[PDB]
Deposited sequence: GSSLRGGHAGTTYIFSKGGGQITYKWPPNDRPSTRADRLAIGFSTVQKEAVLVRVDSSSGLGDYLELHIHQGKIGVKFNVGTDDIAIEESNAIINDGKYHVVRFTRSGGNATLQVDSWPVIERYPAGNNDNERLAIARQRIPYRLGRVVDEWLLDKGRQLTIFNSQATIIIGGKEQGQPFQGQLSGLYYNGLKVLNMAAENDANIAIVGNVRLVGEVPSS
């Protein structure tokens, strides 16, 4: 179908919606799931970025490049990139994207096109687990601090409509519409009203 439920339009100079976790509540995840609906005519833009707290390096970014949707992420080693290179999506029509990561593995799917897949005694036990704990962080998304929607802060402002954003249990755009305490909206971003029914 088209844009359903809570929807925002980004215009002109663009704008930003920011979710900020309270300091004691920042999550660290082994697995992530992200979905959103969008429409735009832009060849290049950033749509959503999740950043860890300052001084830490992990991140996840959903963007459009040369009219193609893609994601880039890092969870403790090298940057990893996945793109749907074979469907042009800057045609001003509604599209859906689904992204998942599970440790080192990840997938990307646009619309209904094929999924793209990327591939002793007391003391000894404690130390061995601490050493395993260390290596495990290289496939965990640590200390998530903000979800920033709209790309302006990254220098690639989005222009178009966004709806139905979901990230790890949070419907972020609905929280924005319900005046959540942890959300801020700035710039040219506007809530689309309800259908009369009609």
Legend entry - Missing stretches, numbered from 1 on the deposited chain sequence and kept in order: 1-5, 125-141
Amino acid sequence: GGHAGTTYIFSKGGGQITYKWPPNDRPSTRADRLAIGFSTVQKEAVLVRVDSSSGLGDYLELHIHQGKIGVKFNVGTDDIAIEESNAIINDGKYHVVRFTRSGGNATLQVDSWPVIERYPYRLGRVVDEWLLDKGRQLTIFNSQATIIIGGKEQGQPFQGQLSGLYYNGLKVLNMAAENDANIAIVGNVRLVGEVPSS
From here on, numbers count along this sequence of modelled residues.
Legend entry - Selected stretch [higher average CA B-factor]: 32-40 or 149-157: 149-157
Inset, instruction - Would you please rank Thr100 by its C-alpha temperature factor against the other modelled residues of its chain and give the third it falls in: lowest, middle or highest? - result: middle
Legend entry - CA B-factor ranking of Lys93, expressed as a third of its chain: middle
Inset, instruction - Using the B-factor values recorded in the entry, state whether the Cα atom of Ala181 falls in the lowest, middle or highest third among the modelled residues of its chain. - result: highest
Inset, instruction - Grab the CA temperature factor for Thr77 from the record and place it in the lowest, middle or highest third of its chain. - result: highest
Inset, instruction - Relative to the other modelled residues of the same chain, rank the CA B-factor of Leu123 and answer lowest, middle or highest third. - result: highest
